[PDB]
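Only one chain is included here, represented as structure tokens and corresponding to the form solved without the named molecule.
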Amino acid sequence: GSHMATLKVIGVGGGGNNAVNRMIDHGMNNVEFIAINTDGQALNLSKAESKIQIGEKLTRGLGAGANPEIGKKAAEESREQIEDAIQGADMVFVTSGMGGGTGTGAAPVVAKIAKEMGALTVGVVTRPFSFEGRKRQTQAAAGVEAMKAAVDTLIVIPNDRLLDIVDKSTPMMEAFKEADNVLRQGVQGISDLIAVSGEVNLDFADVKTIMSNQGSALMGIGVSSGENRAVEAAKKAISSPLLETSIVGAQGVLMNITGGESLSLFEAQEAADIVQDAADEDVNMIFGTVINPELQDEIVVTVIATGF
């Protein structure tokens, strides 16, 4: 028969659960959410269907107070509850802000558990703003290294990059939604790739080949119309204003192109060439195509890049 992949998104700590709440608000389908936190006040406000309060014996229901050893121990002591919530997942996205205690310490434990439960495990984490100081940055760096050791693939968003995309008045919440989009569009892109039957079909086994045990990653989506649409969508898919890891140096790529019946062979080559040339490597590509006749002049390019 057919395979139906279960995708889960797990928020760990404040920032991660913020991202989960905003994704649920934005509306996601076919994805399951898990909220993990020490902070009982924030966890009570989570919109996630599955909630795990960790470390209550250690924190009395408070956060970890920037102590990553308490975050790590809190997750370890709730291993069975975390395993039970994950069980059945084919793919898990662990999202977390690094630099505090709960996210820094517990997110690598959650990711380790997910991988041991058999899930393809992707971390999407932030580094703190420079204005938060050097100690926060150093602690975050230890969290990023622990994440790298625990996940299949890791996407790092330095929060300082948000300062590159705001004007002096952009609300902080609007900026945070831009960082959220990295996770949301990557999850949505995989979900859609799985759900739809393509003319050149890609599926979850291709995602596993490109992402399993591959270190840093990029996940992007680009949409364009009109003249040069394939080139423009491909460039947008690989544009990484918020990413620590750019496309440069990628050695494996999952690339899908969705368009209407006008989708031309020539423009599919144009788009593939953009990704090959930007990588500035010989990229091992798994290429797919979907014809969606509901589309008119719109083209959508999805890119997952690993192998740096």
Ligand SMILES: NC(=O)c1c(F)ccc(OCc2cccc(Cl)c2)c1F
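One rule holds for the numbers: they count along the sequence shown, beginning at 1. So that the term is clear: the rigid core is the largest set of C-alpha atoms that superpose within 1.5 Å between two forms. Residues that one form lacks are left out of the comparison.
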On average, which has the higher Cα B-factor in the deposited entry, 85-93 or 223-231? 223-231
If you average the Cα B factors in the entry, which is higher, 290-298 or 7-15? 290-298
Using the temperature factors in the entry, find which of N30, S264, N37, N67 has the highest value at its Cα atom. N30
Per the deposited entry, the peak Cα B-factor within the set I257, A272, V248, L242 goes to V248
Ranked against its chain, the third holding the CA B-factor of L58: middle
Entry-reported Cα temperature factor of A175, expressed as the chain third it lands in: middle
State the tercile, meaning the lowest, middle or highest third, of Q188 with respect to the CA B-factors recorded for its chain. highest
Check where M117 lands among this chain's C-alpha B-factors and tell me if it's the lowest, middle or highest third. highest
Of the three thirds of its chain by CA temperature factor, lowest, middle or highest, which one includes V109? lowest
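One more form of this protein should be noted, the form deposited with the named molecule bound, which is absent from this view; the next part is about it.
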Quick one: find which of 144-152, 80-88, 178-186, 226-234 has residues within 4.5 Å of the named molecule in the deposited bound form by heavy atom distance. 178-186
The named molecule isn't shown here, but in the deposited bound form which of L263, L43, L254, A48 has a heavy atom within 4.5 Å of it? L254
Could you check which residue among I238, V156, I113, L193 gets a heavy atom within 4.5 Å of the named molecule in the deposited bound form? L193
Verify the contact flag for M285: yes if a non-hydrogen atom of it lies within 4.5 Å of a non-hydrogen atom of the named molecule in the deposited bound form, no if not. no
Taking heavy atoms only, is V200 within 4.5 angstroms of the named molecule in the deposited bound form? yes
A75 within 4.5 Å of the named molecule in the deposited bound form, heavy atoms: no
Heavy atom to heavy atom, is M219 within 4.5 Å of the named molecule in the deposited bound form? yes
Considering only 278-308, what residues come within 4.5 Å of the named molecule in the deposited bound form, judged by heavy atoms? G288, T289, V290, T302, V303, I304
Where the Cα shift reaches 2 Å or more for at least three residues in a row, which ranges qualify between this form and the one not shown on a rigid core fit? 278-283
